[PDB]
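Peer 1: Here you go, one structure.
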Amino acid sequence: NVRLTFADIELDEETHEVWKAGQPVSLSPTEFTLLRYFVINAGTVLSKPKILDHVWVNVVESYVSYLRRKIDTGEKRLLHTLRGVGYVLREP
Amino acid sequence: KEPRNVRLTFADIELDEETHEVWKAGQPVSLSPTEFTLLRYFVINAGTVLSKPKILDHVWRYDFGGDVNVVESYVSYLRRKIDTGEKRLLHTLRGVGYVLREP
Amino acid sequence: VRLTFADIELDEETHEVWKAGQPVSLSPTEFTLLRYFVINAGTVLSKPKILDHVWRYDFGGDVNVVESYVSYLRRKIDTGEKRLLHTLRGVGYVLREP
Amino acid sequence: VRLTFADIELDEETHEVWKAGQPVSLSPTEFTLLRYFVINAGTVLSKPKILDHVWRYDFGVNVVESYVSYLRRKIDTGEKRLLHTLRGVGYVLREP
Amino acid sequence: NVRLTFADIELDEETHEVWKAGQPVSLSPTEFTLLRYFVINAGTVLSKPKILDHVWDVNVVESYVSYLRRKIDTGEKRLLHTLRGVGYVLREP
Amino acid sequence: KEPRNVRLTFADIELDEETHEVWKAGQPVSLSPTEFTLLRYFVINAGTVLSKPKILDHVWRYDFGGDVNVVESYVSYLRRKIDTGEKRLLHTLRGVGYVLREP
Ligand SMILES: [Cl-]
Ligand SMILES: [Cl-]
Ligand SMILES: [Cl-]
Ligand SMILES: [Cl-]
Ligand SMILES: [K+]
Ligand SMILES: [K+]
Ligand SMILES: [K+]
């Protein structure tokens, strides 16, 4: 998917460029892989071991946190936690 | 191999389809791919009033998130970047849609 | 590849531009307009002539694109104590030294 | 091309480095030293070993101590430190 | 002379890079050509018509000598000098 | 095409002969070509005391400006950029010259 998108998040797999609300965002390779995994699986609740398996437990929490800081600090939050099940990318 | 023109223009907006560079009134504007696609769609269709349904259909793949609320958001982002000056080019036709035209 | 008039410098290859020794960023249309003035330095160029050269004769609308782009270009490039880009009312514009 | 340990990421092709998702600029020697640690994560590496790996045995191990310091100041800035000194033994890259 | 120098002025004819006292200096193509002309002719007094001939209005020479001075010659020891009625010269005090 | 090492090292100074990049204690340093040539000359000759005459002869072409005062200037410019740490590597031997060495 040349351009890949969900809501107002945009990724370019060839350049590894990312935008949120039209503004560029600099991600490390792991952060990009992680965001891509959420976006391709938008709306699906993803456990930590599942994320760990596909992107590579505490490292998952760390990188979800890093990613949230770069891409999810606006009024409407797209990356959500639901305890004991995992994380989900979805509109409120 | 390079005898080429890949620029589009409307009024004082200039776009390069290859680089996705954009200029407004001679000044560079940084657009995301979605903002670029949206601007291109307005430019190619300048003077036409475009409902939120058509834009959605054209600016993203059908398999995207199909909500006229995303369109509204992106039109907002685009306007902030490209349509800041005294004469606005990007107008809202309440209950009908948006149009790129001279006022 | 080097085109100059007074202290305006254009690189015809890279489309780099300098004024008074300092780099100036121009859009593609601004560069084309400036080049047209420079290769015609001292020659008066009417608005219809510039319009049909840089754009085309039917590139119409409400406000005139030639006037607009001359303004933009002057704000970028014609900042010296001595102006080089002059308006000749009813006739056009000319690039020349005062 | 991609080498990672915890939240340190190296691109073996471009020599780009990230820590906690943020780019970090390293000198060629700092990059070699960091790569050596990452490919040997969890393995204790003595100063003479690092010296002869990154430089050579007859450099003449203060340079190892210096470059570990430089690298820690660039890369080992998280709340949890990853680059650990083992007195009389060497250094190890590991999660606390 | 891929690398060209006088005193603490340095020019790189391939990259058109310039340094003064070890610090980079950005010059336009005309400024570079003009500085190069002074450097190759270090110590020689150069009239305005001579400079005009080789680098390209008499006022354009004055203008560019001024621009060049501002970028490369504002330290304690000045290297680019005016000899009124004769021209300009690159030399140490 | 690129099985290559073009780097020189002394202590915590690193130079790349191709790109003319330099690092001191891991941090980049920008040198002019003359400063680079001078550093290279000290590095290749580390521990040797070098008079102003030798440096002049080696760091510029003979057909340059042959003044030991230029050497002094450039050694000053180089020290300011590469040798500002607590532990100085570039030393002056009054009446004899300069040397790159640990103190
Ligand atoms: Cl899409
Ligand atoms: Cl070595
Ligand atoms: Cl090697
Ligand atoms: Cl030389
Ligand atoms: K035309
Ligand atoms: K070795
Ligand atoms: K080497």
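Labels for the structure tokens follow display order: chains A, B, ..., residues from 1 in each chain, ligands from 1.
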Using only C-alpha atoms and all ligand atoms, find each protein or nucleic acid residue lying at most 8 Å from ligand 3; present the set as a PyMOL selection string.
Peer 2: chain F and resi 3-5
Peer 1: Output N, CA and C atoms for every residue in that selection, as a JSON list (two decimals), in the first residue's frame.
Peer 2:
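See part-v3.json below for the written result:
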[["chain", "number", "residue", "atom", "x", "y", "z"],
["F", 3, "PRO", "N", 35.72, -1.78, -0.81],
["F", 3, "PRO", "CA", 36.43, -2.39, 0.34],
["F", 3, "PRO", "C", 37.58, -1.46, 0.75],
["F", 4, "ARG", "N", 37.29, -0.52, 1.66],
["F", 4, "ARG", "CA", 38.15, 0.66, 1.89],
["F", 4, "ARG", "C", 38.18, 1.16, 3.34],
["F", 5, "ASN", "N", 39.36, 1.59, 3.82],
["F", 5, "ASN", "CA", 39.43, 2.34, 5.06],
["F", 5, "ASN", "C", 40.26, 3.60, 4.81]]
Peer 1: Env of region 49-58 of chain F: 8 Å cut, atoms = only C-alpha atoms, seq-sep filter 3 positions within chain, self excluded. Answer as a compact mmCIF listing (two decimals) with C-alpha atoms, in the first residue's frame.
Peer 2:
# COMPACT_ATOMS: atom_id res chain seq x y z
CA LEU F 38 47.43 20.83 9.11
CA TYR F 41 50.19 16.60 9.23
CA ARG F 61 52.43 24.49 -1.83
CA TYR F 62 55.81 26.20 -1.95
CA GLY F 66 55.56 31.62 2.80
CA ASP F 67 55.25 33.32 6.16
CA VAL F 68 55.57 31.56 9.53
CA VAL F 71 51.27 28.98 10.28
CA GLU F 72 50.78 30.53 13.68
CA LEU F 93 57.40 24.27 22.37
CA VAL F 96 61.13 25.14 18.64
CA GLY F 97 57.56 24.65 17.41
CA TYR F 98 54.40 22.60 18.00
CA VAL F 99 53.61 19.01 18.89
CA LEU F 100 50.56 16.76 18.97
Peer 1: Counting only C-alpha atoms and all ligand atoms, name the residues that have an atom within 7 Å of an atom of ligand 5; the answer should be given as a list in words.
Peer 2: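 Written in the requested form, the residues are residues 52, 53, 54, 55 and 56 of chain C.
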Peer 1: Within 9 Å of residue 26 (chain C), counting only C-alpha atoms, which residues show up once you throw out same-chain ones fewer than 6 positions away? Write them as a list in words, please.
Peer 2: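 Answer for this query is residues 26, 27 and 28 of chain B; 15, 16, 17, 73 and 76 of chain C.
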Peer 1: Go ahead and write the selection's residues with C-alpha atoms as a short mmCIF file (atom, residue, chain, number, x, y, z; two decimals), in the first residue's frame.
Peer 2:
data_model
loop_
_atom_site.label_atom_id
_atom_site.label_comp_id
_atom_site.auth_asym_id
_atom_site.auth_seq_id
_atom_site.Cartn_x
_atom_site.Cartn_y
_atom_site.Cartn_z
CA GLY B 26 5.58 32.27 -4.76
CA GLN B 27 6.13 30.80 -1.24
CA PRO B 28 6.67 27.12 -0.57
CA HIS C 15 17.57 27.58 -11.27
CA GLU C 16 19.49 29.06 -8.36
CA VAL C 17 19.08 32.84 -7.99
CA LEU C 73 9.07 38.87 -7.52
CA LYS C 76 11.86 38.68 -3.23
#
Peer 1: So, counting only C-alpha atoms, which residue among D:31, D:57, D:91, D:36 is closest to chain F?
Peer 2: D:31
Peer 1: Find the residues of chain A that sit at most 10 Å from chain D; for each, write down the nearest two atoms and how far apart they are in Å, to one decimal. Count only C-alpha atoms. Sort by chain, then by number going up, and give it as a Markdown table.
Peer 2:
| residue | atom | partner | partner_atom | distance |
| --- | --- | --- | --- | --- |
| A:26 | CA | D:22 | CA | 8.2 |
| A:27 | CA | D:21 | CA | 6.4 |
| A:28 | CA | D:21 | CA | 5.0 |
| A:29 | CA | D:9 | CA | 7.8 |
| A:30 | CA | D:9 | CA | 7.7 |
| A:31 | CA | D:21 | CA | 6.7 |
| A:32 | CA | D:21 | CA | 9.7 |
| A:56 | CA | D:4 | CA | 8.8 |
| A:58 | CA | D:6 | CA | 8.9 |
| A:59 | CA | D:6 | CA | 6.2 |
| A:60 | CA | D:6 | CA | 9.7 |
| A:62 | CA | D:7 | CA | 8.0 |
| A:63 | CA | D:20 | CA | 7.7 |
| A:65 | CA | D:20 | CA | 9.9 |
| A:66 | CA | D:21 | CA | 6.7 |
| A:67 | CA | D:21 | CA | 8.2 |
| A:70 | CA | D:21 | CA | 9.5 |
Peer 1: Those residues you just picked out, can you put them in a file as a PDB file, in the first residue's frame with C-alpha atoms?
Peer 2:
ATOM      1  CA  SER A  26       9.839  11.543  12.269  1.00  0.00           C
ATOM      2  CA  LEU A  27       9.764   7.937  13.402  1.00  0.00           C
ATOM      3  CA  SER A  28      12.528   5.397  13.999  1.00  0.00           C
ATOM      4  CA  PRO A  29      12.282   2.141  11.983  1.00  0.00           C
ATOM      5  CA  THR A  30      10.728   0.265  14.931  1.00  0.00           C
ATOM      6  CA  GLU A  31       8.232   3.059  15.550  1.00  0.00           C
ATOM      7  CA  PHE A  32       7.310   2.947  11.827  1.00  0.00           C
ATOM      8  CA  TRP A  56      10.394  -7.510  16.562  1.00  0.00           C
ATOM      9  CA  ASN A  58       8.236  -3.925  28.317  1.00  0.00           C
ATOM     10  CA  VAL A  59       9.705  -2.919  24.954  1.00  0.00           C
ATOM     11  CA  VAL A  60       6.118  -2.921  23.531  1.00  0.00           C
ATOM     12  CA  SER A  62       7.908   1.666  25.758  1.00  0.00           C
ATOM     13  CA  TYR A  63       7.379   1.977  22.048  1.00  0.00           C
ATOM     14  CA  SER A  65       4.443   5.286  24.638  1.00  0.00           C
ATOM     15  CA  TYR A  66       7.027   6.768  22.239  1.00  0.00           C
ATOM     16  CA  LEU A  67       4.613   6.459  19.328  1.00  0.00           C
ATOM     17  CA  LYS A  70       4.781  11.637  18.437  1.00  0.00           C
TER      18      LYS A  70
END
Peer 1: Would you return as a ChimeraX atom specification the members of chain D that DSSP assigns to strand (DSSP E) on this structure's backbone?
Peer 2: /D:2-5,8-11,17-19,22-24,83-86,90-93
Peer 1: For a quick test of understanding: name the residues of chain E lying within 9 Å of chain C when counting only C-alpha atoms, and present them as a list in words.
Peer 2: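 Those within range of chain C come out as residues 26, 27, 28, 29, 30, 31, 56, 57, 59, 60, 63, 64, 67 and 68 of chain E.
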Peer 1: What residues of the protein or nucleic acid chains come within 7 Å of ligand 1 when you use only C-alpha atoms and all ligand atoms? Reply as a PDB file with N, CA and C atoms, in the first residue's frame.
Peer 2:
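Wrote part.pdb, looks like this:
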ATOM      1  N   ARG A   3       0.793   4.679  -0.338  1.00  0.00           N
ATOM      2  CA  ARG A   3       0.373   5.448   0.780  1.00  0.00           C
ATOM      3  C   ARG A   3      -0.536   4.499   1.552  1.00  0.00           C
ATOM      4  N   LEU A   4      -0.366   4.473   2.873  1.00  0.00           N
ATOM      5  CA  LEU A   4      -1.261   3.772   3.803  1.00  0.00           C
ATOM      6  C   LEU A   4      -1.859   4.779   4.787  1.00  0.00           C
ATOM      7  N   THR A   5      -3.156   4.696   5.043  1.00  0.00           N
ATOM      8  CA  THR A   5      -3.788   5.726   5.886  1.00  0.00           C
ATOM      9  C   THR A   5      -4.879   5.163   6.780  1.00  0.00           C
TER      10      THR A   5
ATOM     11  N   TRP B  60      -9.197   9.451  -1.658  1.00  0.00           N
ATOM     12  CA  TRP B  60      -8.726   8.233  -0.992  1.00  0.00           C
ATOM     13  C   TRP B  60      -9.264   7.047  -1.753  1.00  0.00           C
ATOM     14  N   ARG B  61      -8.651   5.880  -1.552  1.00  0.00           N
ATOM     15  CA  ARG B  61      -9.174   4.633  -2.109  1.00  0.00           C
ATOM     16  C   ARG B  61     -10.504   4.310  -1.438  1.00  0.00           C
ATOM     17  N   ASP B  63     -11.367   1.723  -0.161  1.00  0.00           N
ATOM     18  CA  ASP B  63     -11.083   0.840   0.991  1.00  0.00           C
ATOM     19  C   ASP B  63     -10.501   1.619   2.205  1.00  0.00           C
ATOM     20  N   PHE B  64     -10.391   2.942   2.066  1.00  0.00           N
ATOM     21  CA  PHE B  64     -10.051   3.845   3.190  1.00  0.00           C
ATOM     22  C   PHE B  64     -11.186   3.947   4.244  1.00  0.00           C
TER      23      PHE B  64
END
Peer 1: May I ask you to write as a PyMOL selection string all residues lying at most 9 Å from ligand 7, with only C-alpha atoms and all ligand atoms counted?
Peer 2: chain F and resi 5-9+16
Peer 1: Please write the residues from the selection above to a file, keeping N, CA, C and O atoms, as an mmCIF file, in the first residue's frame.
Peer 2:
data_model
loop_
_atom_site.group_PDB
_atom_site.id
_atom_site.type_symbol
_atom_site.label_atom_id
_atom_site.label_comp_id
_atom_site.auth_asym_id
_atom_site.auth_seq_id
_atom_site.Cartn_x
_atom_site.Cartn_y
_atom_site.Cartn_z
ATOM 1 N N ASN F 5 39.356 1.593 3.822
ATOM 2 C CA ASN F 5 39.428 2.344 5.064
ATOM 3 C C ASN F 5 40.262 3.603 4.814
ATOM 4 O O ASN F 5 41.439 3.510 4.461
ATOM 5 N N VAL F 6 39.625 4.749 4.875
ATOM 6 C CA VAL F 6 40.368 5.976 4.679
ATOM 7 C C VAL F 6 40.330 6.898 5.871
ATOM 8 O O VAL F 6 40.334 8.100 5.699
ATOM 9 N N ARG F 7 40.407 6.328 7.074
ATOM 10 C CA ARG F 7 40.286 7.084 8.284
ATOM 11 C C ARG F 7 41.625 7.115 8.997
ATOM 12 O O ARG F 7 42.381 6.118 8.937
ATOM 13 N N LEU F 8 41.923 8.235 9.633
ATOM 14 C CA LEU F 8 43.129 8.319 10.474
ATOM 15 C C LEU F 8 42.656 8.612 11.877
ATOM 16 O O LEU F 8 41.679 9.294 12.072
ATOM 17 N N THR F 9 43.408 8.169 12.861
ATOM 18 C CA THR F 9 43.005 8.367 14.260
ATOM 19 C C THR F 9 44.194 8.824 15.072
ATOM 20 O O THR F 9 45.314 8.389 14.815
ATOM 21 N N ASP F 16 38.404 11.631 8.334
ATOM 22 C CA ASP F 16 38.080 10.826 7.158
ATOM 23 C C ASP F 16 38.744 11.540 6.010
ATOM 24 O O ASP F 16 38.387 12.668 5.721
#
Peer 1: Between CA of residue 62 (chain C) and CA of residue 102 (chain B), measure the distance and give it in Å to one decimal.
Peer 2: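 So the answer is 6.7 Å.
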Peer 1: To check your reading of the model: which residues sit at most 9 Å from ligand 2 when counting only C-alpha atoms and all ligand atoms? Write the answer as a list in words.
Peer 2: residues 51, 52, 54, 55, 56, 57, 58 and 59 of chain D; 8, 9 and 10 of chain F
Peer 1: Please provide the set of residues having any atom within 9 Å of residue 40 (chain E), restricted to only C-alpha atoms, with same-chain residues fewer than 2 positions apart removed, written as number ranges by chain.
Peer 2: E: 4-6, 35-38, 42
Peer 1: When you count only C-alpha atoms, which of these residues is closest to chain A: B:20, B:81, B:40, B:1?
Peer 2: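 Ranking B:20, B:81, B:40, B:1 by distance to chain A, first place goes to B:81.
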